[PDB]
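S.K.: Below are the C-alpha cells for one structure; questions will follow.
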Amino acid sequence: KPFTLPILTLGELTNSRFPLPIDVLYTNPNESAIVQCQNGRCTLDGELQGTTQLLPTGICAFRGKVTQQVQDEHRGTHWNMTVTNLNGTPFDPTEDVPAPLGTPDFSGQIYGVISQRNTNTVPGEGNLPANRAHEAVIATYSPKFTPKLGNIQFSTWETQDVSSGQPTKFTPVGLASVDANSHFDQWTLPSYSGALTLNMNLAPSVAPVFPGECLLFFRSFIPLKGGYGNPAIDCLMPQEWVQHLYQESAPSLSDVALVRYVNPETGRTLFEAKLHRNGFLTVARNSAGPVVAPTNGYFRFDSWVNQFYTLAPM
Amino acid sequence: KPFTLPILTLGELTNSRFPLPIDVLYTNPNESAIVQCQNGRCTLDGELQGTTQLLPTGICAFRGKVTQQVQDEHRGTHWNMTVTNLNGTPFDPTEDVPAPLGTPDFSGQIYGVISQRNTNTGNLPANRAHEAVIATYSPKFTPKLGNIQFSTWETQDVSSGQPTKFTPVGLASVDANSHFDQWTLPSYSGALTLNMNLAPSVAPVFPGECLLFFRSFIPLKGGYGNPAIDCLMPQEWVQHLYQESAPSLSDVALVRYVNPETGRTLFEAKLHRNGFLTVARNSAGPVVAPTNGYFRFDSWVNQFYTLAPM
Numbered sequence: 225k226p227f228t229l230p231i232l233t234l235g236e237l238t239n240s241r242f243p244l245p246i247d248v249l250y251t252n253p254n255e256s257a258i259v260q261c262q263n264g265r266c267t268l269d270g271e272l273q274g275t276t277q278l279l280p281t282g283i284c285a286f287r288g289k290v291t292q293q294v295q296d297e298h299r300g301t302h303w304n305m306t307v308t309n310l311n312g313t314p315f316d317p318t319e320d321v322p323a324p325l326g327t328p329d330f331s332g333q334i335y336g337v338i339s340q341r342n343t344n345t346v347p348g349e350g351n352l353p354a355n356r357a358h359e360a361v362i363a364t365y366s367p368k369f370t371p372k373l374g375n376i377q378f379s380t381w382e383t384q385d386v387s388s389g390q391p392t393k394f395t396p397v398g399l400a401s402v403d404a405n406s407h408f409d410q411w412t413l414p415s416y417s418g419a420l421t422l423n424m425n426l427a428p429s430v431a432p433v434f435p436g437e438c439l440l441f442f443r444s445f446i447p448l449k450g451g452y453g454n455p456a457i458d459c460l461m462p463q464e465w466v467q468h469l470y471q472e473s474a475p476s477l478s479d480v481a482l483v484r485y486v487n488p489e490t491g492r493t494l495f496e497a498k499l500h501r502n503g504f505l506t507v508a509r510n511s512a513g514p515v516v517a518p519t520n521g522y523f524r525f526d527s528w529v530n531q532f533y534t535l536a537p538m
Numbered sequence: 225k226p227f228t229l230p231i232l233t234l235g236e237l238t239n240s241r242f243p244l245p246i247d248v249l250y251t252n253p254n255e256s257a258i259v260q261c262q263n264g265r266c267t268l269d270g271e272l273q274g275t276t277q278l279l280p281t282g283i284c285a286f287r288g289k290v291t292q293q294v295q296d297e298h299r300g301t302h303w304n305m306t307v308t309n310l311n312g313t314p315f316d317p318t319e320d321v322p323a324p325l326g327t328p329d330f331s332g333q334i335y336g337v338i339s340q341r342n343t344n345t350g351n352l353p354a355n356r357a358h359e360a361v362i363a364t365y366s367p368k369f370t371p372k373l374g375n376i377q378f379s380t381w382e383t384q385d386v387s388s389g390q391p392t393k394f395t396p397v398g399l400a401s402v403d404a405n406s407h408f409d410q411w412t413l414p415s416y417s418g419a420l421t422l423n424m425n426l427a428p429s430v431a432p433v434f435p436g437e438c439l440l441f442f443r444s445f446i447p448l449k450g451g452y453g454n455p456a457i458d459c460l461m462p463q464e465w466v467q468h469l470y471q472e473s474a475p476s477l478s479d480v481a482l483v484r485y486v487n488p489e490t491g492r493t494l495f496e497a498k499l500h501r502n503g504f505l506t507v508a509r510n511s512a513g514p515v516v517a518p519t520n521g522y523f524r525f526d527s528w529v530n531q532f533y534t535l536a537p538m
C-alpha cells in the first residue's frame, strides 16, 4: 500500500484545530513554546492521536446536557454542562484519550453558539420539541473546564433561557477576545481534568531535530467576538490529510517522507519538506511568516528518506 | 483508475448541504417536491455541479463586506453586504454557476454569526461579531448579483466597508412565516428572475425504488420543530470523487451497505452517475442500522438491475 497525500490545494483544505479554511502556509522558527497540540494529530500510517477525530464538525464541538446556573463574582452567568462523546454515547473517563474527542486543545475564550432541542415533545405542536440557542463562551483555562471528568462550563450574557436536562450542542465560531485577561495561547494545553491533575494519553510534542529546520504550519485566521487583534490557529496537518491518512492506512517505511510542494501547471517543485512519521512537516527556512506560493500548489509524496536528509533551503 | 468510495462510516461523515454530522440514512418515497439541491452535487467521475465546492467550512458560508444599514417593516436591524467568492476574489456573475459556490440552496431563515475584522489599524485591527439571520427567500437575497441582506437583533455594532464573514449555525425558525423548505431553491438573482446553470433534478427511474438520503438534524434558534437537511452524498464523498476522477463505466454503480464488524451486507443500493442513491424501499423514515456501517463499491451495472428490497 504505497503512500499518498490528497491532491487538494491550500484553498481546498481546512484547519484540523478549528473549523476554518486554511489561509496560508506559515513558519515561526523562534517559537519558544513546546508544540504539542492534540487536534489534527495523526501518524502517517493513519493512527489518530490526542483528541483527534474525523468530523470537520466535531473540532472544538461539545455535546451534553446543562445541570445548573451559577454566577461569578463579577456578575457573569455560567452554566454547568455534562459532556458526552460527540456521538451521544457516555464519555468513559477511563478511555485512553486526554478528553472527549474534539475537545479544544488550547487556552482561550472560545466563542460559539449553544443550542438545545428538547427530548420531550408537545402533542399540540405536532409532537415536536421546543428549541433555543444563544451565544456562548467556553473558557478552556477555567478551573471548571474539566472535560476529561465529563464536565465543563460555558458562559452567556443577558439570558436566563437555557434549559437543564435537555440535549445541548456547542457550535464553535471563534474567540471571544485575545486581550490579556482572556488568556489566549494556542500552544498552552487546557488542564483536561483540572489544575492539579496531569493530562494523560497526549499526542507527543513535535519539533525539528535538524539544524536549520523549522516546523511548517497550515495557518488559519480565527474570528473575534470583539476587541482588537488578528489571532491565528496553526495546525500540523489539515483535516483532509487526517481523513486521507486514516483511510489509506499505509505502512510508514521510514521515520521521514520527503515531500515536494509542486506547481502542477509548471510541474516545478517550489520547495521540499520533511513529512515526519508522527504527522508534521519541517522545512529548511530561517525566517518567520507566510510562505508565498501559487494557489494551485500542493504537496506530493516523493520518497521515504531519513532524519539525516538535507532539505534544499527555501 | 477503478472506482472507490471512502471507507468512512456513517458516524464519520458530514452533510454536504449544511455543516452538520450525518445522523441517519433516510427515505421518503412519497415526496411531492422536485429534488434539485445545488450543494453536495458531484458526478461519479468527480465533476462538481451547482454551487458545490470542496470546503466543509464553505457550505452555507458567505464572505464579503457590509455596505450600509437598511430599515424595513421587520423588527431587528438589517444590513446589506456585498458577497465575493469564498476565497475573497470578486464573484463574476458571468461564471457558469447559479451563485457563488457555497451559497445556501434552500428556502429558509438561516441562523448564524456575522463577524468582522477591520482592514485599517495599537497596530491591531478592531473586531465585532453578532448573531445574524439570512432569509434566503427574501427579494434582497441576490447572491448571483453579488449582494445579500442579513438581520441582527437590535444592535448598531456592525461596521460598513469592513471584511465580513457569515458562519452558519442553524435555522432561526421553522414556523410558517419563516418559509423553511429544503427542496425550494432560492431565487439567486432576486424576484422574478430565472435561476441558471443548475445541477439537474434527481429521481428514481425504476418502479419500487426511491431516493436514499444522508440526513442531518439542524439546530434552531427558537420555537418548535425538529428540522432536517437531506443530502444526496456526504461532503467526504464529494471530496473523494473529485480527487479520484475515475471514469464512470456505466450509468449505475451497484453498492453494498456493509457492517464491517460482521462483514454482512445490510442492503444494496444503486449509485447513479449524476451522484445520488436509490434503494428498493416502500416506506418513509430512518434506515435503522449501526453507525459503523458504510457503502462499498460492488460493480458497474445498468438501469435494468433489480435491487433486493430492504
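Those protein sequences? They're chains B and A, same order as listed.
Under the entry's author numbering, the first residue of the first sequence is numbered 225, with each subsequent residue one higher.
Reading the second sequence from the start, the letters are residues 225 to 345, 350 to 538 in the entry's author numbering.
Backbone N, C-alpha and C fix where the C-beta goes; we use that ideal spot for every residue, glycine too.
Name the chain A residues whose beta carbon is nearer than 7 Å to that of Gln260(B)?
M.R.: What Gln260(B) touches in chain A: nothing, since even the nearest Cβ is about 25 Å away.
S.K.: Could you tell me whether the Cβ of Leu494(B) comes closer than 8 Å to any Cβ of chain A?
M.R.: no
S.K.: May I ask which residues mark the beginning and end of the beta strand (DSSP E) holding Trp528(B)?
M.R.: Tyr522 to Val529
S.K.: Any beta carbon of chain B sitting closer than 8 Å to that of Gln467(A)?
M.R.: Chain B places a beta carbon closer than 8 Å to that of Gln467(A), counting this residue as a contact.
S.K.: Counting only C-beta atoms, is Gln471(B) closer than 8 Å to chain A at any point?
M.R.: yes
S.K.: Against chain A, which members of the stretch 434 to 457 of chain B pass a CB distance test of less than 8 Å?
M.R.: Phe445, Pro447, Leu448, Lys449, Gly450, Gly451, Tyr452, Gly453 and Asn454
S.K.: Is there at least one Cβ from chain A nearer than 8 Å to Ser339(B)'s Cβ?
M.R.: yes
S.K.: Is there contact between the stretch 272 to 279 of chain A and the stretch 325 to 344 of chain A, where contact requires at least three CB pairs shorter than 8 Å?
M.R.: yes
S.K.: What are the complete beta strand (DSSP E) segments, minimum 3 residues, inside the stretch 338 to 417 of chain B?
M.R.: Whole beta strand (DSSP E) segments, 3+ residues: 354 to 363, 375 to 380 and 391 to 399.
S.K.: Tell me, please, whether the CB atom of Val397(A) is closer than 8 Å to any CB atom in chain B?
M.R.: Interface residue, yes.
S.K.: With distance defined between alpha-carbon atoms, name the residue in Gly436(A), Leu494(A) and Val397(A) nearest to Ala285(B).
M.R.: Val397(A)
S.K.: Taking a cut of 7 Å between CB atoms, which residues from the stretch 385 to 410 of chain B lie near chain A?
M.R.: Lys393, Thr395, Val397 and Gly398
S.K.: Name the chain A residues that come within less than 8 Å of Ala357(B), Cβ to Cβ?
M.R.: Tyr335, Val397, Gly398, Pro447, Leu448, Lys449 and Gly450
S.K.: Compare the Cα-Cα distances from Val307(B) to each of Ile362(B), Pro455(B), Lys498(B) and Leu232(B) and report the closest residue.
M.R.: Between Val307(B) and the set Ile362(B), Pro455(B), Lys498(B) and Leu232(B), the nearest pair of CA atoms involves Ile362(B).
S.K.: Please list the terminal residues of the continuous alpha helix (DSSP H) segment that includes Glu464(B).
M.R.: Where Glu464(B) is concerned, the enclosing alpha helix (DSSP H) stretches over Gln463 to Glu472.
S.K.: Any chance you could list the alpha helix (DSSP H) runs of at least 4 consecutive residues sitting entirely within the stretch 253 to 325 of chain A, in chain order?
M.R.: none
S.K.: At the level of alpha carbons, what is the spacing between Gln377(B) and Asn304(B)?
M.R.: 5 Å
S.K.: Drop a sphere of 10 angstroms on the beta-carbon of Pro230(A), count the other beta-carbons inside from all chains shown, and report buried for 16 or more, exposed for fewer.
M.R.: Flag for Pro230(A) reads buried.
S.K.: Looking at chain B, is there any beta carbon in it that lies within less than 8 Å of the beta carbon of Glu464(A)?
M.R.: yes
S.K.: I want to see whether chain B comes within less than 8 Å of residue 346(A), judged by CB atoms only; does it?
M.R.: A break in chain A separates 345 from 350, and the residue in question, residue 346(A), sits inside that break with no coordinates.
S.K.: For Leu499(A), which residues in chain B fall below 9 Å Cβ to Cβ?
M.R.: Neighbours of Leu499(A) on chain B: none; closest Cβ ~18 Å, over 9 Å.
S.K.: With three or more C-beta pairs closer than 8 Å as the rule, is the stretch 248 to 255 of chain B touching the stretch 283 to 297 of chain B?
M.R.: no
S.K.: Given a limit of 7 Å on CB to CB distance, which residues of the stretch 237 to 264 of chain A reach chain B?
M.R.: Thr238, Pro243, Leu244 and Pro245
S.K.: Among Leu237(B), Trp411(B), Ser478(B) and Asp403(B), which residue has its Cα nearest to the Cα of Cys261(B)?
M.R.: Among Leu237(B), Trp411(B), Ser478(B) and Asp403(B), the Cα nearest to that of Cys261(B) belongs to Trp411(B).
S.K.: Report all residues from its chain with a CB closer than 6 Å to the CB of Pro367(A); omit the five preceding and five following residues, and keep chain order.
M.R.: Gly418 and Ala419
S.K.: Helix, strand or coil, according to DSSP, for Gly491(A) in the structure here?
M.R.: coil
S.K.: Nearest-angstrom Cα distance between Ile457(A) and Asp329(B)?
M.R.: Cα-Cα distance, rounded: 30 Å.
S.K.: Using Cβ-Cβ distances below 9 Å, what residues of the stretch 263 to 283 of chain A are close to chain B?
M.R.: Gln277, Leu278, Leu279, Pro280, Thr281 and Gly282
S.K.: Quick test of your reading: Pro432(A) and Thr506(A), contact by CB under 8 Å. State the CB separation rounded to the nearest angstrom.
M.R.: 5 Å
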